[PDB]
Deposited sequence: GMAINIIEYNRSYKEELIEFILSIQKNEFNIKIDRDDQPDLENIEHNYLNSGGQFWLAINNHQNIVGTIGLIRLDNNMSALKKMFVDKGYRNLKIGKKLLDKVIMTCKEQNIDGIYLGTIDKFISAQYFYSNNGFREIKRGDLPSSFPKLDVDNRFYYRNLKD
């Protein structure tokens, strides 16, 4: 039913509408397109910078999930823009996206994955906790981690 591919530029507008519909319509987050410039240039911000951006796609090749990673200093990384279509959330698509990131991090000598998220993503918190992430304090984040978010997590790979 589902395949994981690297983001390509054809998906720019679809990706942005996907993320924004979930953020604004489903979670009622006060955020919009111009708050998220990284999405305007994914190749530049994620792929060309030593990061990752993967799409979970269905049989029609439409986006049903997303996951990004930025590379930090000191061989660490930050998870970004993880989203899964509501109609596909108990098909283990989040797990498959994460697994792809973890495997790619191992190839690229990344020791760990930090993330920040909002309390409004209730299910995502339990997901991270159930998938190797421990909750950390804001003062525990490294200096190259970009601070935005009210809940922080870390998963050790090494």
item	value
Regions of the deposited sequence not represented in the model	1-2, 151-152, 163
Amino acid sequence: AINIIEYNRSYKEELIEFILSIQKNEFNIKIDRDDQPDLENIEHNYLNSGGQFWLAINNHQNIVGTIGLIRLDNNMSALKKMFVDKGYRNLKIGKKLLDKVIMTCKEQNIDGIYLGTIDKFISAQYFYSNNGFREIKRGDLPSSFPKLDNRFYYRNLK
From here on, numbers count along this sequence of modelled residues.
| item | value |
| --- | --- |
| Higher-scoring stretch by recorded Cα B factor average, 100-108 or 55-63 | 100-108 |
| Segment of higher mean CA temperature factor, 110-118 or 86-94 | 86-94 |
| Relative C-alpha B-factor of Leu157, binned into the chain's lowest, middle or highest third | highest |
| Cα B factor band for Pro146 (lowest, middle or highest third within the chain) | highest |
| Chain-wide C-alpha B factor ranking for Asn25, given as lowest, middle or highest third | highest |
| Relative C-alpha B-factor of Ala1, binned into the chain's lowest, middle or highest third | highest |
| For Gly68, the third of its chain into which the C-alpha B factor falls | lowest |
